[PDB]
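Here you get one chain, nothing else, as structure tokens; it is the form deposited in one PDB entry.
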């Protein structure tokens, strides 16, 4: 689990979005595993605007932050999951690291701020849904 809170936006994994998230839907992309909902409270997170390929992510299944090198956001084939069929996920960044299903929502961060959230795992890889292209998260 986990979310990004920026302005009046809550960014979550689309497959973990709650009734409240869907009732307050701003934007969702199935191909990216992202959903953004509106919030009444002002969020404190800053989104990275950059093309960093290194950062640190939080891994709930290890209670650890790990530094990683990750690929630029791409269209990648993602095996079967208990929350998705085998399919192509877009805007996905891969690193070598540990990721189990409950690690979804762990934040990847660089010096510029939040890069994305854990979205995929298995085979010793961790996949992160990029948010840095969603420039609209940064105003109203």
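Note that the rigid core is defined as the largest set of C-alphas that superpose within 1.5 Å between two forms. Positions refer to the first chain, counted from 1. Only residues modelled in both forms are compared.
From this point on, the text means the form solved in complex with a small molecule, which you will not see here.
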Tell me, yes or no, whether residue 49 is in contact with the small molecule in the deposited bound form, where a contact means a heavy atom of each within 4.5 Å.
no
Would residue 43 count as a contact of the small molecule in the deposited bound form, using a 4.5 angstroms cut-off between non-hydrogen atoms?
no
Can you list the runs, three or more residues long, in which each C-alpha shifts by 2 Å or more between the shown form and the other one once everything is superposed on the core?
80-86
